[PDB]
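Only one structure is covered here, and it is reproduced in the block below.
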Amino acid sequence: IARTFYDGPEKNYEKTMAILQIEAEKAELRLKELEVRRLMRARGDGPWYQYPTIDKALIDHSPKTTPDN
Amino acid sequence: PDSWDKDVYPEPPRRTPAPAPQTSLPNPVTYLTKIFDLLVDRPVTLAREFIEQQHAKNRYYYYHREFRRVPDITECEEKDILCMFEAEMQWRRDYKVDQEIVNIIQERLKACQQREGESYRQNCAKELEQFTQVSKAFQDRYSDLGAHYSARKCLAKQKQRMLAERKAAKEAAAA
Ligand SMILES: CCCCCCCCCCCCCCCCC[C@@H](O)O[C@H](CO[C@H](O)CCCCCCCCCCCCCCC)COP(=O)(O)OCC[N+](C)(C)C
């Protein structure tokens with residue numbers, strides 16, 4: 001029965017080791033992502049949570065018919 | 001027989017008295033034992049001889065698995081999952097072996113009680129002492145872990161016990 005239907009215990013051992021490693025990395029990545037999102041929403045200096053401003057190319061730098069401006 | 005080891009399961013040398021009849025009446029149990037022998041013990045012995053002859057023509061071996069030694073939970077980093085998994089597996093194996101040791105001691109105690117007849121209270125109190133020591137150690141190891149036990153919980157319980165022992169020793173040294 002063992003020869004025909006099942007395998008050795010080392011197979012399951014190493015499989016669950018790999019599964020545990022994968023899940024641990026995923027958990028760490030999730031926590032790091034939450035922290036990064038919080039920090040970049042608070043500060044706004046990151047790529048995410050960038051809100052549009054007024055483009056400076058719309059300004060007209062020419063004489064305005066009055067000397068002051 | 002030769003199956004089990006005589007030191008793990010010890011027994012007294014089995015002193016038995018000789019028959020010293022004092023009557024001329026035919027003892028019936030001797031005749032019944034002889035009849036039972038001649039009528040039952042020989043056919044079963046022949047059948048066992050035949051079965052062992054068949055077994056001897058095809059013999060194969062199975063080997064007892066031997067496990068390596070891996071780092072335990074005390075030298076395991078807090079968030080290193082692989083080492084914790086290895087330590088947990090080793091701790092579970094040790095727990096099972098410990099339970100089987102307790103089982104062996106309990107079997108010794110039961111043989112103690114049954115074999116010594118009426119004077120069991122005195123003859124084999126050594127087995128009682130051995131079982132007391134073994135049970136106390138097993139209790140101090142795995143008493144109150146409860147369900148969902150782990151190596152970390154056992155380590156925490158041991159740390160609490162050592163802290164209590166250290167405090168008691170320090171207080172006693174101040175007497
Ligand atoms: C010897 C006689 C006296 C003792 C009798 C013992 C009785 C045992 C037979 C009963 C079988 C129980 C069913 C369990 C099936 C397990 C299915 C699965 O686990 O098997 C897979 C494969 O399946 C097996 O090949 C068996 C499949 C056969 C299904 C059984 C159904 C038979 C029922 C009879 C039906 C009759 C129909 C009649 C029509 C009219 C294994 O996956 P795999 O990853 O690959 O192999 C891993 C091991 N390796 C790598 C070493 C190879």
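Each chain of the structure tokens is named A, B, ... in the order shown, its residues numbered from 1; ligands are numbered from 1 in display order.
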Select all residues from chain B having any atom no more than 9 Å from an atom of chain A (counting only C-alpha atoms, ignoring ligands), output as a short mmCIF file (atom, residue, chain, number, x, y, z; two decimals) with N, CA, C and O atoms, in the first residue's frame.
```
data_model
loop_
_atom_site.label_atom_id
_atom_site.label_comp_id
_atom_site.auth_asym_id
_atom_site.auth_seq_id
_atom_site.Cartn_x
_atom_site.Cartn_y
_atom_site.Cartn_z
N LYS B 79 11.18 35.28 13.90
CA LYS B 79 10.33 35.25 12.71
C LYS B 79 10.88 34.36 11.60
O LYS B 79 10.46 34.49 10.45
N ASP B 80 11.80 33.45 11.92
CA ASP B 80 12.34 32.53 10.92
C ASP B 80 11.49 31.27 10.90
O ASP B 80 11.67 30.39 11.74
N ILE B 81 10.58 31.18 9.93
CA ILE B 81 9.55 30.15 9.96
C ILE B 81 10.11 28.74 9.75
O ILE B 81 9.60 27.78 10.33
N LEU B 82 11.16 28.59 8.94
CA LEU B 82 11.67 27.26 8.62
C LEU B 82 12.28 26.59 9.85
O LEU B 82 12.00 25.41 10.13
N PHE B 85 9.61 25.56 12.20
CA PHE B 85 8.94 24.34 11.75
C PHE B 85 9.76 23.10 12.09
O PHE B 85 9.22 22.10 12.59
N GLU B 86 11.07 23.15 11.84
CA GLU B 86 11.92 22.01 12.16
C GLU B 86 11.92 21.74 13.67
O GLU B 86 11.82 20.58 14.10
#
```
**Near-ligand residues for ligand 1, threshold 8 Å, only C-alpha atoms and all ligand atoms, as a PyMOL selection string** = chain A and resi 1-7
How would you write, as a PDB file with N, CA, C and O atoms, in the first residue's frame, the set of residues in region 16-57 of chain B that DSSP gives as alpha helix (DSSP H)?
```
ATOM      1  N   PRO B  28      -6.046 -35.350  39.137  1.00  0.00           N
ATOM      2  CA  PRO B  28      -6.763 -35.223  37.861  1.00  0.00           C
ATOM      3  C   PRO B  28      -6.191 -34.158  36.941  1.00  0.00           C
ATOM      4  O   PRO B  28      -6.269 -34.291  35.715  1.00  0.00           O
ATOM      5  N   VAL B  29      -5.622 -33.095  37.513  1.00  0.00           N
ATOM      6  CA  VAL B  29      -5.115 -32.014  36.675  1.00  0.00           C
ATOM      7  C   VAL B  29      -3.912 -32.477  35.865  1.00  0.00           C
ATOM      8  O   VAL B  29      -3.698 -32.000  34.748  1.00  0.00           O
ATOM      9  N   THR B  30      -3.121 -33.418  36.389  1.00  0.00           N
ATOM     10  CA  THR B  30      -2.005 -33.956  35.614  1.00  0.00           C
ATOM     11  C   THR B  30      -2.503 -34.706  34.384  1.00  0.00           C
ATOM     12  O   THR B  30      -1.989 -34.517  33.274  1.00  0.00           O
ATOM     13  N   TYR B  31      -3.508 -35.564  34.566  1.00  0.00           N
ATOM     14  CA  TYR B  31      -4.076 -36.296  33.438  1.00  0.00           C
ATOM     15  C   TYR B  31      -4.707 -35.345  32.432  1.00  0.00           C
ATOM     16  O   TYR B  31      -4.549 -35.518  31.216  1.00  0.00           O
ATOM     17  N   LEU B  32      -5.428 -34.332  32.918  1.00  0.00           N
ATOM     18  CA  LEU B  32      -6.047 -33.370  32.014  1.00  0.00           C
ATOM     19  C   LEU B  32      -4.995 -32.577  31.247  1.00  0.00           C
ATOM     20  O   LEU B  32      -5.166 -32.303  30.056  1.00  0.00           O
ATOM     21  N   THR B  33      -3.900 -32.202  31.913  1.00  0.00           N
ATOM     22  CA  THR B  33      -2.825 -31.486  31.238  1.00  0.00           C
ATOM     23  C   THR B  33      -2.167 -32.356  30.177  1.00  0.00           C
ATOM     24  O   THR B  33      -1.861 -31.881  29.077  1.00  0.00           O
ATOM     25  N   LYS B  34      -1.944 -33.636  30.484  1.00  0.00           N
ATOM     26  CA  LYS B  34      -1.364 -34.538  29.493  1.00  0.00           C
ATOM     27  C   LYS B  34      -2.289 -34.702  28.291  1.00  0.00           C
ATOM     28  O   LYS B  34      -1.831 -34.707  27.139  1.00  0.00           O
ATOM     29  N   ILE B  35      -3.593 -34.842  28.541  1.00  0.00           N
ATOM     30  CA  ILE B  35      -4.553 -34.975  27.446  1.00  0.00           C
ATOM     31  C   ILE B  35      -4.568 -33.708  26.601  1.00  0.00           C
ATOM     32  O   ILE B  35      -4.564 -33.765  25.365  1.00  0.00           O
ATOM     33  N   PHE B  36      -4.576 -32.544  27.258  1.00  0.00           N
ATOM     34  CA  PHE B  36      -4.554 -31.276  26.536  1.00  0.00           C
ATOM     35  C   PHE B  36      -3.303 -31.163  25.681  1.00  0.00           C
ATOM     36  O   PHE B  36      -3.369 -30.755  24.518  1.00  0.00           O
ATOM     37  N   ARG B  42       0.333 -30.487  20.168  1.00  0.00           N
ATOM     38  CA  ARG B  42       1.089 -31.063  19.056  1.00  0.00           C
ATOM     39  C   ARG B  42       0.586 -30.578  17.701  1.00  0.00           C
ATOM     40  O   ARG B  42       1.419 -30.165  16.874  1.00  0.00           O
ATOM     41  N   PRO B  43      -0.717 -30.618  17.386  1.00  0.00           N
ATOM     42  CA  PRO B  43      -1.149 -30.105  16.074  1.00  0.00           C
ATOM     43  C   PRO B  43      -0.808 -28.641  15.848  1.00  0.00           C
ATOM     44  O   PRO B  43      -0.402 -28.270  14.739  1.00  0.00           O
ATOM     45  N   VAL B  44      -0.947 -27.796  16.872  1.00  0.00           N
ATOM     46  CA  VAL B  44      -0.618 -26.386  16.701  1.00  0.00           C
ATOM     47  C   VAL B  44       0.885 -26.206  16.528  1.00  0.00           C
ATOM     48  O   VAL B  44       1.334 -25.342  15.765  1.00  0.00           O
ATOM     49  N   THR B  45       1.687 -27.021  17.217  1.00  0.00           N
ATOM     50  CA  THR B  45       3.133 -26.961  17.030  1.00  0.00           C
ATOM     51  C   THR B  45       3.517 -27.364  15.612  1.00  0.00           C
ATOM     52  O   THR B  45       4.387 -26.738  14.997  1.00  0.00           O
ATOM     53  N   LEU B  46       2.875 -28.404  15.076  1.00  0.00           N
ATOM     54  CA  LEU B  46       3.154 -28.815  13.702  1.00  0.00           C
ATOM     55  C   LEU B  46       2.738 -27.737  12.708  1.00  0.00           C
ATOM     56  O   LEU B  46       3.452 -27.470  11.733  1.00  0.00           O
ATOM     57  N   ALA B  47       1.581 -27.110  12.937  1.00  0.00           N
ATOM     58  CA  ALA B  47       1.142 -26.031  12.058  1.00  0.00           C
ATOM     59  C   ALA B  47       2.111 -24.857  12.101  1.00  0.00           C
ATOM     60  O   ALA B  47       2.439 -24.273  11.060  1.00  0.00           O
ATOM     61  N   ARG B  48       2.582 -24.495  13.296  1.00  0.00           N
ATOM     62  CA  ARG B  48       3.551 -23.411  13.410  1.00  0.00           C
ATOM     63  C   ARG B  48       4.866 -23.776  12.739  1.00  0.00           C
ATOM     64  O   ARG B  48       5.510 -22.923  12.120  1.00  0.00           O
ATOM     65  N   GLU B  49       5.289 -25.036  12.860  1.00  0.00           N
ATOM     66  CA  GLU B  49       6.500 -25.475  12.176  1.00  0.00           C
ATOM     67  C   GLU B  49       6.352 -25.343  10.667  1.00  0.00           C
ATOM     68  O   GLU B  49       7.267 -24.869   9.986  1.00  0.00           O
ATOM     69  N   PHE B  50       5.200 -25.747  10.130  1.00  0.00           N
ATOM     70  CA  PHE B  50       4.966 -25.611   8.694  1.00  0.00           C
ATOM     71  C   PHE B  50       4.965 -24.146   8.269  1.00  0.00           C
ATOM     72  O   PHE B  50       5.545 -23.787   7.236  1.00  0.00           O
ATOM     73  N   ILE B  51       4.319 -23.284   9.056  1.00  0.00           N
ATOM     74  CA  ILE B  51       4.240 -21.871   8.696  1.00  0.00           C
ATOM     75  C   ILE B  51       5.618 -21.222   8.755  1.00  0.00           C
ATOM     76  O   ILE B  51       5.973 -20.409   7.894  1.00  0.00           O
ATOM     77  N   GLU B  52       6.427 -21.578   9.757  1.00  0.00           N
ATOM     78  CA  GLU B  52       7.785 -21.051   9.827  1.00  0.00           C
ATOM     79  C   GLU B  52       8.660 -21.600   8.709  1.00  0.00           C
ATOM     80  O   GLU B  52       9.560 -20.902   8.230  1.00  0.00           O
ATOM     81  N   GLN B  53       8.423 -22.844   8.283  1.00  0.00           N
ATOM     82  CA  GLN B  53       9.129 -23.372   7.121  1.00  0.00           C
ATOM     83  C   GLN B  53       8.797 -22.568   5.873  1.00  0.00           C
ATOM     84  O   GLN B  53       9.682 -22.257   5.068  1.00  0.00           O
ATOM     85  N   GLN B  54       7.518 -22.231   5.692  1.00  0.00           N
ATOM     86  CA  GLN B  54       7.132 -21.399   4.555  1.00  0.00           C
ATOM     87  C   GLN B  54       7.744 -20.005   4.656  1.00  0.00           C
ATOM     88  O   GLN B  54       8.167 -19.431   3.647  1.00  0.00           O
ATOM     89  N   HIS B  55       7.790 -19.444   5.866  1.00  0.00           N
ATOM     90  CA  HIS B  55       8.357 -18.111   6.047  1.00  0.00           C
ATOM     91  C   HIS B  55       9.854 -18.095   5.763  1.00  0.00           C
ATOM     92  O   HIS B  55      10.371 -17.129   5.191  1.00  0.00           O
ATOM     93  N   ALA B  56      10.569 -19.149   6.164  1.00  0.00           N
ATOM     94  CA  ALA B  56      12.013 -19.188   5.973  1.00  0.00           C
ATOM     95  C   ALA B  56      12.406 -19.194   4.502  1.00  0.00           C
ATOM     96  O   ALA B  56      13.491 -18.712   4.160  1.00  0.00           O
TER      97      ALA B  56
END
```
**Prompt:** For the atom pair CA of residue 132 (chain B) and CA of residue 102 (chain B), what is the interatomic distance in Å to one decimal place?
**Reply:**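 For CA of residue 132 (chain B) relative to CA of residue 102 (chain B), the distance reads 10.4 Å.
The two atoms in question, CA of residue 136 (chain B) and CA of residue 105 (chain B), are spaced 12.6 Å apart.
CA of residue 131 (chain B) sits 6.8 Å away from CA of residue 106 (chain B).
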Can you list, as a tab-separated table (two decimals) with N, CA and C atoms, in the first residue's frame, every protein, DNA or RNA residue that comes within 10 Å of residue 37 (chain A) when you count only C-alpha atoms, leaving out same-chain residues fewer than 6 positions away?
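Just written: part27.tsv:
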```tsv
chain	number	residue	atom	x	y	z
A	31	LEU	N	2.43	43.43	5.13
A	31	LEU	CA	2.65	44.42	6.18
A	31	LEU	C	3.48	45.60	5.67
A	44	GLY	N	3.10	62.25	0.94
A	44	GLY	CA	2.81	62.62	-0.43
A	44	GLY	C	4.02	62.75	-1.33
A	46	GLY	N	5.80	60.20	-2.50
A	46	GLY	CA	6.00	59.00	-3.27
A	46	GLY	C	5.22	59.02	-4.56
A	48	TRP	N	2.70	57.14	-5.42
A	48	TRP	CA	1.27	57.01	-5.23
A	48	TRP	C	0.71	58.22	-4.49
A	49	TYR	N	-0.62	58.34	-4.54
A	49	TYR	CA	-1.34	59.44	-3.89
A	49	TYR	C	-0.84	60.80	-4.38
```
